[PDB]
Amino acid sequence: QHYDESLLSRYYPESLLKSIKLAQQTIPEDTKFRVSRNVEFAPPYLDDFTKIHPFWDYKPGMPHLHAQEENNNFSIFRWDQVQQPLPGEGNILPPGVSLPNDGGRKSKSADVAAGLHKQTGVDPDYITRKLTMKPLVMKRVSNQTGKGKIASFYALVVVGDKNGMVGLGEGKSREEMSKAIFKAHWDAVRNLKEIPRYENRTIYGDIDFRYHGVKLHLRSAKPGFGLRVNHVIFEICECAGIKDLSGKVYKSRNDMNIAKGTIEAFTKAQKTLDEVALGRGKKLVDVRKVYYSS
Amino acid sequence: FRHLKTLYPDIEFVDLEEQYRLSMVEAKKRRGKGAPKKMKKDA
Amino acid sequence: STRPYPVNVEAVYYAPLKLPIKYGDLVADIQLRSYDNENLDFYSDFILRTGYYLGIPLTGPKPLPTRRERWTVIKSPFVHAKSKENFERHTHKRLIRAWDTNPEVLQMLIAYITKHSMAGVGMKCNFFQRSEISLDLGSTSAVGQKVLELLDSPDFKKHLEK
Amino acid sequence: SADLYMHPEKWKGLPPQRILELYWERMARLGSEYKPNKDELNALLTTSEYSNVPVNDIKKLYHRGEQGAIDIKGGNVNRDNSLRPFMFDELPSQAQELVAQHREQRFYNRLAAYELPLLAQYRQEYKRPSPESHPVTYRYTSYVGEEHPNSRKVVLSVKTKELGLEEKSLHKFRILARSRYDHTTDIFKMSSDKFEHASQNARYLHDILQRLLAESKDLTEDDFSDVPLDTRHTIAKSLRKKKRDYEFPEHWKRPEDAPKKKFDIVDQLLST
Amino acid sequence: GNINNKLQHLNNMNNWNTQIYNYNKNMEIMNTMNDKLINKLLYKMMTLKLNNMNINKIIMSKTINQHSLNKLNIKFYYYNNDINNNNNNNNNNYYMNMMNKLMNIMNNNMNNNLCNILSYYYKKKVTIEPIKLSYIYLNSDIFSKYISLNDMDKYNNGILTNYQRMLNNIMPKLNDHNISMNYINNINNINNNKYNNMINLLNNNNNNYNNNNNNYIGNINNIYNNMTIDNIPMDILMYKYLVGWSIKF
RNA sequence: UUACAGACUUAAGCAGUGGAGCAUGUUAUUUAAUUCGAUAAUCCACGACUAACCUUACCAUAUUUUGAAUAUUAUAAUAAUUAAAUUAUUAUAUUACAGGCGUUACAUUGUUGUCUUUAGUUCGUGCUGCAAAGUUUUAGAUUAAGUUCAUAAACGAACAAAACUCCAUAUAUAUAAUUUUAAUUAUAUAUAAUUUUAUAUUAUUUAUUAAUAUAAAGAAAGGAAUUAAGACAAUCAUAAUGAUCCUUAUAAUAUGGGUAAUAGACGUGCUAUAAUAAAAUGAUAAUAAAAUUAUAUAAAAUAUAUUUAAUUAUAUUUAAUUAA
Ligand SMILES: [K+]
Ligand SMILES: [K+]
Ligand SMILES: [K+]
Ligand SMILES: [K+]
Ligand SMILES: [K+]
Ligand SMILES: [Mg+2]
Ligand SMILES: [Mg+2]
Ligand SMILES: [Mg+2]
Ligand SMILES: [Mg+2]
Ligand SMILES: [Mg+2]
Ligand SMILES: [Mg+2]
Ligand SMILES: [Mg+2]
Ligand SMILES: [Mg+2]
Ligand SMILES: [Mg+2]
Ligand SMILES: [Mg+2]
Ligand SMILES: [Mg+2]
Ligand SMILES: [Mg+2]
């Protein structure tokens, strides 16, 4: 289409009007333009080519194959910065990727909380605020292979909220011990269980439990007695919220099997007073508690 | 490269290939493996 | 009213326009050569656009037979195993012909396209000038000179004496 | 102005960035021939606020140079950020090559949109030389942007029957041209690249043409009418080119078997 | 599509460091030899010294010699780590560091610019375009030169456990498949935006006899509606993301 | 130590070759030199992109000595700069050196080679075992063969094959004012197949199946490149780095010679040992492709061998073309 100078003079710069006039006097209005399917001369988008883009066009004053300035008339005298910054926002960050501005600020508890929430539906806030994690066993194991000895880091950790909920987790990593602890912490939260506690301080009565080669003898204790038990049992009691306990481990004292045996004993070897009363159809009275009641 | 020290007096260029050779010469002098003094035709 | 896109900008998005040949007087042959076709074709398209505005009827780019050069490099084994790597170079050729144009306009075409040439493209131009049989004012080798000098030197004159 | 950078006296009153740009231009354009000037330093001190550089430092930096800055820094030990993490702010060099390709395309597109149309001012109407007064054709060759020995070559070609020679003189002309005449095409072609310049070679061929025509038109002594034209050279050339000189027999054509255009009402109705 | 667009493929001419064609083969051989020699010379001009203990090594890629009919453009990528004045001040705005002095003799120096010297060696106009790369892992040639020449104290007694770790955290591990599929979706969207534009411009009618020969669909604006420089170019550009890297010592 | 399958190889079949002369490489021997190229007992040291000079690395004789480089310090000749000194260039001289086909019994690195590996590792998660660990069906089916497809408390990613990609082939569009003509072509772009469907037969894991044949549609029938490791070879006269040795000589130049010697031996070729095969002749000229021509390709013609002429060889002359 051929347009009158008035219209074309309201959209295009004066410097380009002469070129438009000459083109409208050399190309007949009835020109049937054909599309080339061998050579693509124009870009894949529409452009009047009246403005120089700061990025998609050559930089004015910069030397290059098609620079029209004389060699003594270039205007780039500083070379410490990139001449043509990226267009638009200034970045090419892929959709769904984040610029790594900050590194080393992650909390492994928050990483465990986010992953478990997505995988199991547990509340992240409870994991990151209510739970305490204590490593119990940290050793290196090795497998003999044809290539050679392959070492691995083994971590056994216990987590708990100090209010009845405790869990045991194990983790392995061939790379570093920190990765093994992360997996163990992850596993421990998934294994969280509630343990009955008498007066939220001790166990119900005494427990004689056999876990593989470990013989566990645990006795309930008076208020203010403290934890007088194997060190492995001490850590578990701390996380679980057991304050008063006495006990002795016989036969095997393997730390790993003491920890698992203890967790199992607290669940499979205890019976609440309420559960005993309902099963037998009898009333069970705590004499010490009644003595100080109204 | 030898013409650069007069074309551009302001800039100080370093020839790493030449510099490497000169260090290897000094090293051999320190080990006693230097080059024999060349005989003079006058002799 | 939307922004008007004039015919000059629109032409860029379509195949280059060609002017009809009226008389058929071939005035120039422009042969372009490159080791790759992509710049060769793009530059050829630009020449057709330059000629159109200059009023030069142009034909082409006619593709001419591609020349293939080959080289075989025997490798270290030469044991009749994968012991001969092959290499090749292809010269791509294009011919653009100009018709019924005055010499001055033809020189403007060559000057402009020379100023805005692409990397790795070569250009040969054959100009054809029709002239009259009789013109006005029209349109010794080094070895021979030395031979005369040598034959005058005494080492040769001393024998030529008759 | 282009020469403003050479006149630091005239920088006073220019905006802060313009003065710095003119200071950078004088250093780049002069290089080792650069000598500190008071006027230049006076203008740079006026930019201590645009850059927030202490007015004292400017003076040292202007007289010391990089060493001065290293002293102001207090040390020369800057962290080695050679393996720093990528901030998705720059493009790979291979992607920068594809952007350069696109910068070139846009450069040519802009020329075709607004620069090529201006060439229409130089259009000249073809002043065709009459085919009868201008029968000779001089071919010149130009290798653009190259020094090539063949650029000197000039070729001259003409149809003998357009030379205005009588019958007897035309025969003598063709006899004396020998291998330079092709009877089949009637073309007399001679080329010369003996001289170093095309103009010299063009004159040389022109002079030979006049000499050949003069001898051919001087039939006072010999006309070489007894001597028949020798075409052996043309025959040898013809044997090296394949001749497809066979056409479909006319008595084999069956025009009655050609498809007959059918009647399409739609096209017949769409035309009215 | 990919090879018919300048933003979606690398021109084969770029596969060669000397981009030239001369009818005179001897002149082509000479130009090729001149490009290797100048490349070696430039490698020797990259090492600069301010003082005995301030040696700045600029890492330069191989040169791209673009030989056109009228000029020769020598394009190269360079990396420089500014270790002398890497501050937050604007003191660099009042002096020319050694790297700026070196870059300004390529074209700007009025008396002894390297371009004029080379213009006589090549007998043609010569321009030099230095292009700065900010990271050393954006060009394979620069990356190899840096390691080879500057990281020797890290791998001369085995590859340091920290050195290797840095060479493995350079880039976040982008998902190539998701990036590859995002690119293909954008192309389909752009391709379907132009087909819809024409289908609409045809169904709306923008000589019946001429309606069987010409293929002109209508105004350029309508055919390319919603296809501008602000959305098409950056989405189709290829080789935009580093997705893999293998280093060896 | 058992069993299984598949290899590479094997022999089988077919078509060529095995001795003679000569060409060429190696060995041995000879030689002033016949430059260099191999030593942990099967065999076996091979450079045909051109060794008269050059090449050249070897021998004889003669000759050169900071040499081809960079720098230092002097001396000059020269041009600028600066008020005669400075700086530039050049030459000469000076001394660190330069140079070295000297050294793998000169240590490492490259390079390329061969060589197995190439559906297997590592990682994430899940699951089993108190645990080291394992991740199970499965010692799956199928193909010439990861070939192709199934399947299991495993699932997925990366990895690489594969896909993909290019070439060829068929077709479409564009380009050529169809005398640069081969339009029966040239070369850009696009499409096509890793073919498809019905039917009968034989097997099957018998079903929505393979092997088969039958019918139909189709131009459709062949190739290329491709991972990372592991174990091993080569001096690369095809690039390095160090150490080590020569420095009036193990460096450099010239003339001539040698690498071309000849008892035996070996490899690889050429021409032959005649009639399913050799030799002549075949001009309106039976029928190609791929290349080459500015450090050129050389037409036709004439002359001589040489005879009517042709043929073959050379000379004379140097047409056209630096090229669809
Ligand atoms: K001889
Ligand atoms: K696992
Ligand atoms: K034809
Ligand atoms: K010899
Ligand atoms: K025979
Ligand atoms: Mg001639
Ligand atoms: Mg003949
Ligand atoms: Mg021919
Ligand atoms: Mg010799
Ligand atoms: Mg000799
Ligand atoms: Mg040495
Ligand atoms: Mg020697
Ligand atoms: Mg377990
Ligand atoms: Mg799996
Ligand atoms: Mg020999
Ligand atoms: Mg024939
Ligand atoms: Mg002849």
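All chains are named by letter (A, B, ...) in the order of the sequence lines, taking the proteins before the strands, and each is independently numbered beginning at 1. Side chains are part of it too, since the values below use all heavy atoms of this structure and drop only hydrogens, waters and symmetry mates.
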Would you say [X] reaches [N]'s phosphate, i.e. side-chain N/O to OP1/OP2 under 4.0 Å?
| X | N | answer |
| --- | --- | --- |
| B:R2 | F:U70 | yes |
| B:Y20 | F:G242 | yes |
| D:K237 | F:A320 | no |
| C:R97 | F:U180 | yes |
| B:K38 | F:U248 | yes |
| D:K153 | F:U322 | yes |
| C:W71 | F:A291 | no |
| D:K242 | F:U181 | no |
| C:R94 | F:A186 | no |
| A:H212 | F:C130 | yes |
| B:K37 | F:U247 | no |
| D:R232 | F:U302 | yes |
| C:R33 | F:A323 | yes |
| D:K241 | F:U181 | yes |

Q: Look at the side chain of C:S76 against the base of F:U238 and say whether a donor-acceptor pair falls under 3.5 Å; ignore hydrogens and angles.
A: yes

Q: Examine the base of F:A294 for any acceptor or donor lying under 3.5 Å from a partner atom in the side chain of D:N150, and report the outcome as yes or no.
A: yes

Q | Check: C:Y35/E:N12 side-chain N/O donor and acceptor closer than 3.5 Å | A | no

Q: Could you tell me how the ring of A:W186 sits relative to the ring of A:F182: parallel (under 30°), tilted (30 to 60°) or perpendicular (over 60°)?
A: tilted

Q: Could you tell me how the ring of E:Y155 sits relative to the ring of E:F249: parallel (under 30°), tilted (30 to 60°) or perpendicular (over 60°)?
A: tilted

Among [options], which is the nearest nucleotide to the side chain of [X]?
| X | options | result |
| --- | --- | --- |
| C:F78 | F:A131, F:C46, F:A188 | F:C46 |
| D:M190 | F:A320, F:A299, F:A133 | F:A320 |
| D:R180 | F:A319, F:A190, F:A69 | F:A319 |
| B:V25 | F:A132, F:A190, F:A98 | F:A98 |
| C:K82 | F:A300, F:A225, F:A190 | F:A225 |
| A:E175 | F:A158, F:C123, F:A294 | F:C123 |
| C:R67 | F:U293, F:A158, F:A290 | F:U293 |
| A:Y154 | F:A301, F:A132, F:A174 | F:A132 |
| C:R70 | F:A291, F:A186, F:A323 | F:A291 |
| C:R68 | F:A133, F:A290, F:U248 | F:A290 |

Q. Under a 4.5 Å cut-off applied to non-hydrogen side-chain atoms, are C:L48 and C:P61 in contact?
A. yes

For [N], measure the glycosidic angle (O4'-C1'-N9-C4 for a purine, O4'-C1'-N1-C2 for a pyrimidine) and name it syn if it falls within 90° of 0, otherwise anti.
| N | value |
| --- | --- |
| F:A57 | syn |
| F:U142 | anti |
| F:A88 | syn |

Q) Could you state the interatomic distance from CG (D:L156) to CZ (D:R139), rounded to the nearest 0.5 Å? A) 11.5 Å

Is [N] paired to anything, Watson-Crick or G-U wobble with both distances less than 3.5 Å, and if yes, which nucleotide?
| N | answer |
| --- | --- |
| F:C36 | F:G47 |
| F:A278 | none |
| F:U138 | none |

Q. Mapping B:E26 and A:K260 onto RNA chain F by nearest heavy atom, which one lands closer to the 5' end?
A. B:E26

Q.
Taking the P atom in each of F:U199 and F:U195, what is the distance between them to the nearest angstrom?
A. 23 Å

[M] and [N] base-paired, Watson-Crick or G-U, both contacts under 3.5 Å:
| N | M | result |
| --- | --- | --- |
| F:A62 | F:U253 | yes |
| F:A229 | F:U116 | yes |
| F:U226 | F:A183 | no |
| F:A144 | F:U118 | no |
| F:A76 | F:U90 | yes |

Q: Please report the closest heavy-atom contact between A:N191 and A:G169, naming both atoms and the distance.
A: ND2-CA, 4.4 Å

Q) Under the side-chain contact (heavy atoms from CB on, under 4.5 Å) criterion, do D:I175 and D:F173 qualify, and how do the steps go? A) CA-CA 6 Å; D:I175 292 291; D:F173 180 105; over 6 Å; no

Q. What about F:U318 and F:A319, stacked or not, using centres under 5.5 Å and planes under 30°?
A. no

Q) Hey, is the main chain of A:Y154 close enough, under 3.5 Å, to the side chain of A:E170 for a donor-acceptor pair? A) no

Q | B:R31/B:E26 ion pair, N-O < 4.0 Å | A | no

Q: May I ask you to say what A:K183 touches in the nucleic acid, namely base, sugar-phosphate or nothing, with a heavy-atom cut-off under 4.0 Å?
A: sugar-phosphate

(Q) Mind checking if A:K172 touches a base, just sugar-phosphate, or nothing, with heavy atoms under 4.0 Å? (A) base

